[PDB]
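A short worksheet on the structure shown next.
Proteins come first, then strands; the chains are lettered A, B, ... in the order of their sequence lines, and each starts at number 1.
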Protein chains: 2
Amino acid sequence: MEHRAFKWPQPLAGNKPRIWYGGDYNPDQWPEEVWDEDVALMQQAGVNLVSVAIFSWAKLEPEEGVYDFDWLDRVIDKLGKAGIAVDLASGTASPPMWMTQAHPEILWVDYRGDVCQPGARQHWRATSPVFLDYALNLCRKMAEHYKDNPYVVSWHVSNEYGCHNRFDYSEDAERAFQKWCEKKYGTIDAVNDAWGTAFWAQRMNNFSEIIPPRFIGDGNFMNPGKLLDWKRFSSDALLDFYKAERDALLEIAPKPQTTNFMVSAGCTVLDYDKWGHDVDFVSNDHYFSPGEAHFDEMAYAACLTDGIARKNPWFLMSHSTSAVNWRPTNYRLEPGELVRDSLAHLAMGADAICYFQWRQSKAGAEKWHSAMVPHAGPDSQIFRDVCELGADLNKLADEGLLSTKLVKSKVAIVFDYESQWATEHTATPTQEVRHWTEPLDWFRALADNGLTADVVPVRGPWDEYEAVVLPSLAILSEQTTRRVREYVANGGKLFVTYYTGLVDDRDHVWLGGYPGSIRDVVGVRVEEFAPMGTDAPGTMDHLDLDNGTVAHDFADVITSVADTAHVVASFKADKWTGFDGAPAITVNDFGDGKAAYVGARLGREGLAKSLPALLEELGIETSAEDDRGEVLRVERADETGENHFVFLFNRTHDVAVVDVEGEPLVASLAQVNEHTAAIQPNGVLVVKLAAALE
Amino acid sequence: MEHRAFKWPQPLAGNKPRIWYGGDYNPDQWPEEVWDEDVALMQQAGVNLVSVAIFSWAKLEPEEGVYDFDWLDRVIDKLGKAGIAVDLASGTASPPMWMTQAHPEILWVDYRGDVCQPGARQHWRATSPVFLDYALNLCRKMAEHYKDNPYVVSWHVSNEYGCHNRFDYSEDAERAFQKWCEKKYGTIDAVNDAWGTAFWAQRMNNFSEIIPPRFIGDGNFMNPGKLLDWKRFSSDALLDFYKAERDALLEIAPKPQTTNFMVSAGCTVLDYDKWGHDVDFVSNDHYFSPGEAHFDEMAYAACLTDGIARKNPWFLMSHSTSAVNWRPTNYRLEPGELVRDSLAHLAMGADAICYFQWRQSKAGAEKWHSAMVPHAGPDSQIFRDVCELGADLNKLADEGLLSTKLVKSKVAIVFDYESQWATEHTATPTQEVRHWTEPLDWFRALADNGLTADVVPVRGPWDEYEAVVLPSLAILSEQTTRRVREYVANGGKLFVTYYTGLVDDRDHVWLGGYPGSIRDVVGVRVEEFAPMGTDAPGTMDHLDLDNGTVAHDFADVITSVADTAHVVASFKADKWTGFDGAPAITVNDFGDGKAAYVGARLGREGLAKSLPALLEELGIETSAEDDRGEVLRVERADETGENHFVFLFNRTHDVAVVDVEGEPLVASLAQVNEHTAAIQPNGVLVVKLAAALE
Ligand SMILES: CC(=O)N[C@H]1[C@H](O[C@H]2[C@@H](O)[C@@H](CO)O[C@@H](O[C@H]3[C@H](O)[C@@H](O)[C@H](O)O[C@@H]3CO)[C@@H]2O)O[C@H](CO)[C@@H](O)[C@@H]1O[C@@H]1O[C@H](CO)[C@H](O)[C@H](O)[C@H]1O
Ligand SMILES: CC(=O)N[C@H]1[C@H](O[C@H]2[C@@H](O)[C@@H](CO)O[C@@H](O[C@H]3[C@H](O)[C@@H](O)[C@H](O)O[C@@H]3CO)[C@@H]2O)O[C@H](CO)[C@@H](O)[C@@H]1O[C@@H]1O[C@H](CO)[C@H](O)[C@H](O)[C@H]1O
């Protein structure tokens with residue numbers, strides 16, 4: 001509750017505002033003579049900001065209490081003198097070897113008591129008082145040294161908290177988890193009650209009896225209430241460390257500050273919407289998913305970023321020019337995708353576009369990760385494309401893109417980090433169902449029907465939207481249950497799926513029939529589930545619906561439908577399953593609103609096909625056109641609507657022709673005409689609308 | 001050698017004998033006001049026994065030397081006053097947190113020296129003298145308190161020994177394994193000889209040099225003799241703990257006592273047939289396997305339970321109303337299956353039918369496991385079905401089912417826990433072959449041919465049967481070899497498969513040609529094996545036989561056939577494999593008997609098709625009808641045969657019509673006529689035969 005005031009990295013003295021463009025720069029990894037070439041190439045590419053010193057601790061503090069800043073003063077001076085701004089890191093992302101050799105108590109400990117060693121990065125415990133002292137000291141030294149530097153426009157505090165150190169099981173974590181439980185519950189009776197410890201003789205007499213969820217034998221079942229709280233605690237322990245580092249910097253050197261998130265459809269290492277309350281601006285690292293979901297999942301993640309940002313501008317701190325280096329198979333980007341993907345984030349509300357990283361490493365663990373200047377060097381398709389992007393972004397700022405905001409959708413898809421965590425336990429109805437996939441499925445299926453959804457975290461203002469999707473939203477607290485009931489009562493249009501509202505925020509089941517807190521709203525009562533799969537011969541692996549769709553993985557057993565509701569689709573099945581003729585999809589009237597219930601996993605394709613009848617019943621208007629789905633349309637506008645941009649992205653492997661409605665500004669793999677344009681696969685067109693017209 | 005005298009939980013004062021019906025009850029997990037509702041619902045459902053206090057240690061002994069019995073006196077009083085009996089637990093199944101915090105030496109240790117922590121259940125070492133002292137103390141306190149309680153009719157000692165703590169590698173286990181080896185072998189020379197330690201420089205000078213089979217590098221090969229003995233020792237160490245707990249209870253409070261087994265086709269955590277010698281009555285927990293084997297594997301496991309029970313009545317301590325919560329995908333039961341599955345166990349000789357559990361948990365690790373009263377509550381298909389079952393079981397006891405016994409089959413399928421263990425080593429001909437699958441395959445294939453097999457442990461009286469199957473029975477001791485030779489000599493009909501009699505009880509190979517101890521009996525000599533699979537391109541993955549069947553995974557290389565034998569089926573293969581025309585299935589004459597040899601894995605379907613010619617040759621008579629296989633017929637009768645029941649179960653997804661031969665008593669998804677009945681998929685009919693008729 002409560003965001004910090006929005007702050008943004010400001011232009012250097014004498015510059016106009018720009019879409020910030022550039023990325024991580026690691027000059028410490030090259031001979032100094034390379035730095036003049038870097039700068040010349042950056043000017044060519046239109047680069048205007050770089051992120052420096054992110055893992056430079058071992059250079060800045062080469063041994064305890066010895067500081068070496070001169071190389072970085074020098075780099076920062078050459079950048080600034082060329083008009084390139086610096087987003088400066090704290091430098092505290094990962095500790096040097098001298099530190100972990102003197103203080104092995106810093107290193108995080110795994111569920112079995114094995115100590116993560118140096119050799120990669122981020123091997124520190126979030127609750128180490130010793131690592132905290134080291135970090136805050138370096139933050140103070142950096143702040144003191146760079147506080148009156150005019151080329152430094154922002155702090156980049158640490159890097160991707162929890163990417164490697166989400167979980168620690170040390171004695172430090174044990175003591176901190178105990179204190180976090182006492183602060184959250186007050187008494188051990190309220191912990192026993194929250195975690196349901198009357199089973200398996202788990203009841204505790206005092207706080208000292210709370211241990212971390214350490215090794216219990218592989219395959220055995222941890223207490224779910226406790227594991228959910230362990231995840232909340234791990235997120236909060238890292239957030240407290242961020243806050244301390246932030247506050248140490250800001251007290252000496254008050255500049256716009258952020259830390260880079262890892263928002264993507266499937267990453268929930270942290271409750272990023274909570275974290276969004278502690279940053280001045282939201283910044284995000286996102287790397288494409290391979291294959292057919294590349295475009296859609298990226299637009300989704302960018303959308304959720306914007307939703308975390310409460311529609312404020314946000315900063316894309318990283319993405320790749322082409323391949324990453326950490327998947328089993330590191331696919332390259334296809335032609336056009338470098339520009340398209342950058343513009344996808346821009347469309348969804350970013351006012352900074354940055355890459356990991358500027359110059360591709362020639363040695364170390366990152367050498368095979370793509371860069372803005374590849375091994376090949378500047379004479380490459382990649383660097384030319386980087387240059388073209390630089391020019392596109394200068395153009396879009398010249399035409400007024402800056403501080404426009406992602407337009408308000410008709411539909412808010414709700415997302416809850418905590419509901420995901422809840423669905424991750426091993427003793428749920430099926431390991432094939434998690435929260436995270438369903439909102440992405442709804443985003444894509446709505447796209448197929450010509451509608452661009454907003455993705456809104458559960459804390460944010462989804463109840464202001466024309467329609468709302470609760471997508472496998474396993475947790476509904478008392479508070480959220482009330483928000484839902486009121487939302488619908490007062491004219492809302494609600495879609496609710498299987499695996500919604502199973503439990504409260506303690507992972508206590510809502511009894512009486514699922515979804516046990518909102519049966520009245522949805523007008524159905526579910527008695528049990530029917531998971532599906534192919535784990536043994538003869539298992540039930542699908543259910544047909546009578547609207548021509550197929551359910552996989554999970555279906556609800558709906559045994560009553562209220563009088564104020566009706567059935568829109570029914571399962572068709574072999575008689576012995578009990579599903580022949582059972583209700584699959586319903587719609588209910590509730591006060592002035594409506595709620596549809598989708599009682600099974602239909603996937604993108606099933607939902608896409610199911611949606612027309614449901615959009616019609618709920619009075620949600622969309623384009624009628626056959627080619628509706630071919631292109632994702634994304635809009636930004638200022639509050640007045642006089643600067644309005646539309647970004648059009650082909651989602652397909654066919655040429656998409658579209659009615660073009662304003663002035664074309666940027667075209668990648670697209671040709672304009674007569675208000676027509678043909679967009680090649682992986683193509684994008686961006687248009688500025690004339691405010692005096694339609 | 002030597003069973004205890006059979007004892008059975010007796011009716012409460014003023015009741016007649018009943019099929020015990022109910023399950024685990026955990027009132028400690030609900031507010032006390034719920035207990036009056038539980039009791040009212042139990043009466044409605046026909047519930048007449050519940051199992052209480054199984055994991056209640058942390059409530060009964062909330063801290064060391066403080067006892068709190070009053071809540072359970074109260075619950076037991078309300079149950080008893082409503083006519084519901086209590087199967088009372090020892091309460092010692094899993095220790096409280098205060099205990100493991102004071103005494104971490106209690107916790108079991110894994111192969112790598114990592115200590116299993118509290119967080120789930122049963123984290124105690126079988127050979128901890130300290131955990132033993134705690135357990136026996138609580139057993140004495142419970143026995144003393146409940147010894148003159150008339151509503152307590154049995155002891156339920158601990159719960160599922162070895163489900164989580166089968167293996168411990170602590171210093172306690174090291175010392176105990178040393179003593180178990182000395183007690184078994186007498187001298188270190190006899191251990192060296194048993195384990196074959198002259199390879200890999202493993203020879204030991206004394207007992208102190210025997211360590212547990214701890215971590216040797218993942219992928220490396222433990223000594224097989226030793227690992228087999230480790231498994232026997234782990235089973236015996238838990239059995240000694242059971243015996244001590246039992247004897248501590250019984251000395252103060254002599255009531256019928258059991259501990260719940262985990263008999264299923266594939267579970268061999270313990271030598272359950274040995275354990276069967278130490279219980280007063282056999283009790284079993286069994287949860288359905290998903291997909292097409294659900295019915296058959298359950299009938300098998302129930303059958304093996306009965307065989308462990310030496311045809312005495314046995315107690316089904318647990319099974320599920322619908323889904324469990326511990327598989328990757330927790331399928332629900334289909335309509336009818338709740339009643340059908342319960343009656344399957346009943347048919348195979350159970351005189352008690354109980355579920356985990358009475359009321360579905362609303363919190364903790366078990367919340368998604370089905371119950372008799374689901375989250376949904378009593379207004380559910382599940383609770384109605386539980387009520388219908390209650391009524392069916394009252395009816396069947398009124399008609400005389402109690403203490404009838406599962407009829408003697410023509411065929412005994414032999415099962416050996418130890419042979420399974422032997423086949424589990426990593427350096428066998430193939431990891432795709434284990435003992436356990438073959439007896440289940442034979443049970444199903446015989447069912448397909450209209451015969452209901454008995455499953456008889458190797459120690460029991462299989463040599464009294466008309467026919468006997470040795471199914472991948474890898475171990476044949478000197479003693480069992482002699483029993484087999486005599487059995488056949490004297491008129492027995494024997495089926496022997498691939499992977500039988502490879503080794504003696506020390507895992508020493510019988511030399512000269514497999515199966516090296518009974519070549520004379522089976523009239524074949526095998527020189528080597530041909531495992532099969534798809535592990536690389538071009539591997540041999542099957543062999544056709546000339547009776548229209550296909551072998552997969554394993555075939556024997558038979559190189560001679562005795563004069564008293566002939567070949568019934570031959571492989572057909574590409575010439576270069578060497579299998580074209582080689583013998584696959586033989587029959588031999590040996591004294592007055594016969595032995596068939598099935599020299600490959602044919603599966604249920606191959607064996608089913610192979611069986612007519614083999615049943616004909618061995619003079620085993622079966623129904624001739626085409627629809628033979630559609631229904632499993634299972635019979636119980638008293639010694640006189642004047643109370644005779646027949647249970648008929650559809651195995652198929654078609655409607656099965658059957659000739660009905662007595663008075664119909666219970667019908668689920670079946671309709672009776674003219675002595676005809678039509679049984680729907682998942683249906684069952686139970687009939688009492690008129691003793692004066694056919
Ligand atoms: C944003 C990002 O990807 N950064 C990391 C990368 O992140 C992965 C980890 O957080 C793991 C930990 O659970 O989860 C991955 O997300 C999963 C998600 O958990 C699944 O549910 C879902 O289905 O799939 C996604 C993956 O698609 C995170 O994405 O981890 C790699 C490997 O450690 C890092 O290399 C990467 O950070 C970047 O590394 C670059 C190369 O070394 C640069 O260091 C750059 O500074 C970083 O942004
Ligand atoms: C009878 C039963 O299933 N009880 C346990 C369950 O048992 C499994 C374990 O013993 C593991 C250990 O090896 O083996 C499983 O059997 C395997 C077998 O080993 C394989 O060869 C074969 O192919 O598959 C079977 C599985 O189908 C045992 O079945 O383990 C679960 C998970 O730990 C327990 O939840 C279950 O006990 C019941 O748990 C309920 C829910 O918490 C209640 O506590 C109830 O009291 C228990 O009966």
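- Looking at B:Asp110 and A:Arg112, their side chains come closer than 4.5 Å, going by heavy atoms from C-beta outward.
- Between chain A and the options B:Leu669, B:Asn26, B:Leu60, B:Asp379, heavy-atom pairs under 4.5 Å are most frequent for B:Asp379.
- If you measure heavy-atom distances from A:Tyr514 to chain B, the contacts under 4.5 Å come from the side chain alone.
- With rounding to the nearest 0.5 Å, the separation of CD in B:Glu64 from CG in A:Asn205 is 11.5 Å.
- Taking 4.5 Å as the limit, every side-chain heavy atom of B:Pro328 sits out of range of all side-chain heavy atoms of A:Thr430.
- For A:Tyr111, no part lies near chain B; criterion is any non-hydrogen pair under 4.5 Å.
- B:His653 contributes atom NE2, which lies 8.0 Å from atom CG of A:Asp574 (distance to the nearest 0.5 angstrom).
- Heavy atoms of B:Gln360 lying under 4.5 Å from chain A belong exclusively to its side chain.
- Ranked by non-hydrogen atom pairs under 4.5 Å with chain B, the options A:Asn206, A:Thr539, A:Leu502 are led by A:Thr539.
- Between B:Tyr331 and A:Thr534 the shortest heavy-atom distance is OH-N, 3.7 Å.
- Counting heavy atoms from C-beta on, the side chains of B:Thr329 and A:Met532 never come closer than 4.5 Å.
- Top candidate by heavy-atom pairs under 4.5 Å with chain B, chosen from A:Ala198, A:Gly533, A:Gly578, A:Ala536, is A:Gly533.
- Heavy atoms of A:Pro213 lying under 4.5 Å from chain B are absent altogether.
- Atom CD of A:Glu478 has 12 or fewer neighbouring heavy atoms from other residues, nucleotides or ligands inside a 6.0 Å radius.
- Atoms OG and CZ, on B:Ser322 and A:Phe529 in that order, are 10.5 Å from each other to the nearest 0.5 Å.
- For the pair A:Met222 and B:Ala365, the tightest heavy-atom approach, listed with the atom from each and the gap, is O-CB, 4.1 Å.
- No more than 12 heavy atoms of other residues, nucleotides or ligands shown are found within 6.0 angstrom of NZ on A:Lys575.
- No side-chain heavy atom of B:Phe55 sits less than 4.5 Å from a side-chain heavy atom of A:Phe199.
- Counting heavy-atom neighbours within 6.0 Å of B:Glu605 CD, excluding the residue itself, gives a total of 12 or less.
- Residue B:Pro378: no heavy atom, backbone or side chain, is found under 4.5 Å from chain A.
- Ranked by heavy-atom pairs under 4.5 Å with chain A, the first of B:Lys59, B:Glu63, B:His375, B:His294 is B:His375.
- More than 12 heavy atoms of other shown residues, nucleotides or ligands fall within 6.0 angstrom of atom CG in B:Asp218.
- In this structure, the separation between NE2 on A:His425 and CG on B:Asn325 is 9.0 Å, given to the nearest 0.5 Å.
- Of the atoms belonging to B:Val115, it is backbone heavy atoms, and not side-chain ones, that fall under 4.5 Å from chain A.
- Ranked by heavy-atom pairs under 4.5 Å with chain B, the list A:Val433, A:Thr428, A:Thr559 is led by A:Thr428.
- Each of A:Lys226, A:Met540, A:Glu432, A:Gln202 has some count of heavy-atom pairs under 4.5 Å with chain B, and the biggest count is that of A:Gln202.
- Residue contact with chain B, scored on non-hydrogen atoms closer than 4.5 Å, involves the side chain of A:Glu528 exclusively.
- Shortest non-hydrogen contact noted between A:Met204 and B:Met97 is CG-CG, 4.4 Å.
- With a 4.5 Å cut-off on non-hydrogen atoms, B:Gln101 touches chain A through its side chain but not through its backbone.
- When atom types are taken as modelled, the side chain of B:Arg121 and the backbone of A:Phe221 share no donor-acceptor pair closer than 3.5 angstrom.
- Between chain A and the residues B:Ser289, B:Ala293, B:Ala363, the most heavy-atom pairs under 4.5 angstrom are made by B:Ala363.
- Interface remark: A:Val557 contributes side-chain atoms only to the contact with chain B (heavy atom separation under 4.5 Å).
- Ranking A:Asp507, A:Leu227, A:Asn223 against chain B, the residue ahead of the rest is A:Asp507, based on heavy-atom pairs under 4.5 Å.
- When heavy atoms are compared at a cutoff of 4.5 Å, A:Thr197 does not approach chain B at all.
- Note: A:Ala427 leads A:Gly217, A:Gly513, A:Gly538, A:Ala427 in heavy-atom pairs under 4.5 Å with chain B.
- When every heavy atom of B:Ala120 is checked against every heavy atom of A:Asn220, the shortest pair comes out as CB-CB, 4.5 Å.
- Between B:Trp108 and A:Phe215, the ring planes are perpendicular. Angles over 60° get that label, and only those under 30° would be called parallel.
- Only the side chain of A:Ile211 comes within less than 4.5 Å of a heavy atom in chain B; its backbone stays farther off.
- When only modelled atom types and interatomic distance are considered, B:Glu334 and A:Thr577 share no side-chain donor-acceptor pair under 3.5 Å.
- Between A:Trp576 and B:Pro335 the shortest heavy-atom distance is O-CD, 3.4 Å.
- A:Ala201 and B:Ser94 get closest at one heavy-atom pair: CB-O, 3.8 Å.
- With hydrogens and angles disregarded, a donor-acceptor distance shorter than 3.5 Å links the side chain of A:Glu527 to the backbone of B:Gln381.
- Of the inter-residue distances, the one linking A:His508 atom NE2 with B:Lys367 atom NZ reads 8.0 Å to the nearest 0.5 angstrom.
- If you take CG on B:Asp114 and CZ on A:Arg214, they are separated by 12.0 Å, rounding to the nearest 0.5 Å.
- Between the side chains of B:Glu366 and A:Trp200, at least one donor N or O lies within less than 3.5 Å of an accepting N or O.
- Within the 4.5 Å cutoff, side-chain heavy atoms of B:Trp368 are placed close to those of A:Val509.
- For the set B:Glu337, B:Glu292, B:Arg332, the count of heavy-atom pairs under 4.5 angstrom toward chain A peaks at B:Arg332.
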